[PDB]
Amino acid sequence: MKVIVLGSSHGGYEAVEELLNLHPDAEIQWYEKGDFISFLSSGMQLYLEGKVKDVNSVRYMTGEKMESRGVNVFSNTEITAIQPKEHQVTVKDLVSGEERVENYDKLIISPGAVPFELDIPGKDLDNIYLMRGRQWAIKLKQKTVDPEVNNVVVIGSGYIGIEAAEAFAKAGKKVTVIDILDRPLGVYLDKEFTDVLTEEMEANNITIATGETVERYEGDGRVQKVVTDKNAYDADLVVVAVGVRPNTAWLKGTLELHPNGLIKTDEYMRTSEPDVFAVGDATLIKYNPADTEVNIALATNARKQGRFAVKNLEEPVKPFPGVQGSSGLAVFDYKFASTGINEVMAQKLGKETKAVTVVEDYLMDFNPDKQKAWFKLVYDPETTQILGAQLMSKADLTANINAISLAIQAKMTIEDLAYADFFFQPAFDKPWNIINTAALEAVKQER
Ligand SMILES: Cc1cc2nc3c(=O)[nH]c(=O)nc-3n(C[C@H](O)[C@H](O)[C@H](O)COP(=O)(O)OP(=O)(O)OC[C@H]3O[C@@H](n4cnc5c(N)ncnc54)[C@H](O)[C@@H]3O)c2cc1C
């Protein structure tokens, strides 16, 4: 049984791991069009801030290690087309230009996504950079110490844009973040959280320009200005972090795709064609808070889907359990985490919700280490089932969001969480901990 896996990033990598422990006998080929196997773009911020010195260590697998396990690794080799009925792919060795056709019994593809670019005048003056992969990581890092870079503009105020803004602010640059949306990180956090984070970023000389549409880049050879409908900003470097496009144009006509380019798959990771499975950023995933399919481009999702594709390789026997969209990040001193439905998600899905927010010290009064914490619990108005939660503090309390992720999956209610058994010891929390306290508030709001 010969299985070909496309892609060495999170989705493709975990498919290879699950093949090794479920089908040790199989002939496994692993293809990567790039030069470097399994670079962790999630670790790029630690490298840009100087926490990690060696860019080549920001990875989780090497071709050498997988070959020791009997996998055939082909780096610098691109799968150019799939011929699904005859079960063949044509591959191109990018160093020699050779093209050959390869047959498979089963094919798992995790083609991923590419950074979205602004197709505007000035489009590629020098020093308009993107943020994905090893080559961009290295170029961004060289700019961090360049004395000619004084002003950097990042377009996009989502997760990746704020990571870039923090990294260049810490390198001593002046940073402006521009976006059409009215709040940074709105996809992850509601207004009472992003108001605090905006103040924190502005204290560290990041200007946030919201509600503005970028119209063109101006400069002579290299960028010098970014002009929006409302303003013109000086820029020595631009980081475009607007979003991501599925890497699927080459699949048009071969596999069924959604209007937005995402690959259609069912709950067993099967595509429209026999024996080809698709995983990761290029697909939709079962979203349990709202019982629907949503594109949630996270490494956690791609890894779980990669293993479930291998579980359903011979028979559709194991439907995907679904996810809650859990995410977490530190922005200067604040560490936040969120899961499930928040205001932007509810708007997009047309879902009605209720919520309580508690802001108080997470340790008892007499303990001098006490610090404020913000917690918001979102629940269904009819059933009072838990639909989401967001938490933030300068203290690290983020592991508590893992309990809310499970509560949503288990369809627990505000009353279940109000009296759930969480430990107490006064160096760590209060007799009713942060989750108990917000659920107790919600029980009062519904009485
Ligand atoms: C800056 C940054 C920070 C992030 N931080 C986090 C985080 O902290 N936590 C988290 O959960 N997620 C994070 N993510 C998201 C996460 O990295 C992605 O969700 C995940 O990498 C998706 O994996 P994938 O396999 O679907 O695709 P991709 O990572 O896009 O990889 C696809 C791979 O397949 C290769 N390929 C594509 N086409 C072909 C082909 N035709 N032939 C051969 N090879 C091909 C590509 O070269 C690429 O290596 C972050 C992403 C970025 C960019």
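Residues take their numbers from the sequence shown, with the count starting at 1. In each ligand, atom 1 is the first atom listed, and ligand 1 is the first ligand listed. The basis for the numbers below is simple: all heavy atoms, side chains too, and nothing from hydrogens, waters or symmetry mates.
In plain terms, the two heavy atoms of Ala164 and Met131 that are nearest each other are CB-SD, 3.7 Å.
Residue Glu199 qualifies as open at atom CD: its count of foreign heavy atoms under 6.0 Å is 12 or below.
Applying salt bridge (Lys or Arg N to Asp or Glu O under 4.0 Å) to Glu17 and the options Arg303, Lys65, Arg69 leaves one that passes, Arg69.
Looking only at protein heavy atoms, the nearest one to atom 27 (O) of ligand 1 is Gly112 CA, 3.3 Å. Here the heavy atom of the protein found nearest to atom 29 (O) of ligand 1 is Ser9 OG, 2.7 Å. Residue, atom and distance of the protein heavy atom nearest to atom 20 (C) of ligand 1 are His10 CD2, 3.6 Å. The nearest heavy-atom contact from the protein to atom 53 (C) of ligand 1 is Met131 O, 3.6 Å. The nearest protein atom to atom 39 (C) of ligand 1, hydrogens excluded, is given as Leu6 CD2, 3.6 Å; this is a heavy-atom distance. The single protein non-hydrogen atom nearest to atom 34 (O) of ligand 1 is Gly7 CA, 3.4 Å, given as residue, atom name and distance. Scanning all protein heavy atoms for the shortest distance to atom 50 (C) of ligand 1 gives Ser42 OG, 3.8 Å. Scanning all protein heavy atoms for the shortest distance to atom 47 (O) of ligand 1 gives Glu32 OE2, 2.7 Å.
At a threshold of 4.5 Å between non-hydrogen side-chain atoms, the residues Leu251 and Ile82 count as touching.
Side-chain contact check for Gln305 and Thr283: at least one donor-acceptor pair (N or O, by modelled atom type) lies under 3.5 Å. Using modelled atom types, one finds no donor on one side chain facing an acceptor on the other under 3.5 Å when comparing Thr339 with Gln324. In this model, a donor atom of one side chain and an acceptor atom of the other lie less than 3.5 Å apart for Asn21 and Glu18.
Looking at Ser38, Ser41, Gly12, it is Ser41 that brings a heavy atom closest to atom 1 (C) of ligand 1. For the residues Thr300, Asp35, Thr77, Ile79, the heavy atom positioned nearest atom 41 (N) of ligand 1 is part of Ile79. One option in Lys33, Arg132, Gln305 has a heavy atom closer to atom 30 (O) of ligand 1 than any other, and that option is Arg132.
Under a 4.0 Å criterion applied to the non-hydrogen atoms of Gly280, ligand 1 contributes the atoms 26 (O). Within ligand 1, counting atoms from 1 as listed, the ones closer than 4.0 Å to a heavy atom of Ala297 are 15 (C), 19 (O). Of all the atoms in ligand 1, the ones that sit under 4.0 Å from a non-hydrogen atom of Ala113 are 30 (O). Taking a cut-off of under 4.0 Å to the non-hydrogen atoms of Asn247, the atoms of ligand 1 that pass are 37 (C), 38 (N). Against a heavy-atom cut-off of under 4.0 Å, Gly11 is close to the following atoms of ligand 1: 25 (O).
Counting heavy atoms under 4.0 Å from ligand 1, residue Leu329 does not touch it at all. Contacts between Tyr13 and ligand 1 below 4.0 angstrom, taking non-hydrogen atoms only, are absent altogether. Looking at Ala299 against ligand 1, both its backbone and its side chain come within 4.0 Å, counting heavy atoms. For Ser110, heavy-atom contacts with ligand 1 shorter than 4.0 Å involve the backbone as well as the side chain. Residue contacts with ligand 1 for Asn301 are absent, since no atom lies close enough (heavy atoms, distance under 4.0 Å). At a 4.0 Å heavy-atom cut-off, ligand 1 touches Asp281 through backbone and side chain alike.
Checked against the 6.0 Å centroid criterion, the rings of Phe193 and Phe336 do not qualify as a close aromatic pair.
Ring orientation note: the planes of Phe320 and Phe308 are nearly perpendicular, at an angle over 60° on the 30°/60° scale.
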Listing, residues 275-282 side-chain donor-acceptor contacts under 3.5 Å, not counting sequence neighbours, or none:
{"unit_1": "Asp275", "atom_1": "OD1", "unit_2": "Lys106", "atom_2": "NZ", "d": "2.7"}
{"unit_1": "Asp281", "atom_1": "OD2", "unit_2": "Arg132", "atom_2": "NH1", "d": "3.4"}

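Using a distance-only test at 3.5 Å, with no hydrogens or angles considered, no donor-acceptor pair links the side chain of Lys376 to the main chain of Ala389.
The residues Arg100 and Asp93 are annotated as not salt-bridged, no charged nitrogen and carboxylate oxygen being separated by less than 4.0 angstrom.
Residues satisfying the ring pair (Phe, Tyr, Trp, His ring centres under 6.0 Å) test with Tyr104, not counting sequence neighbours, are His87.
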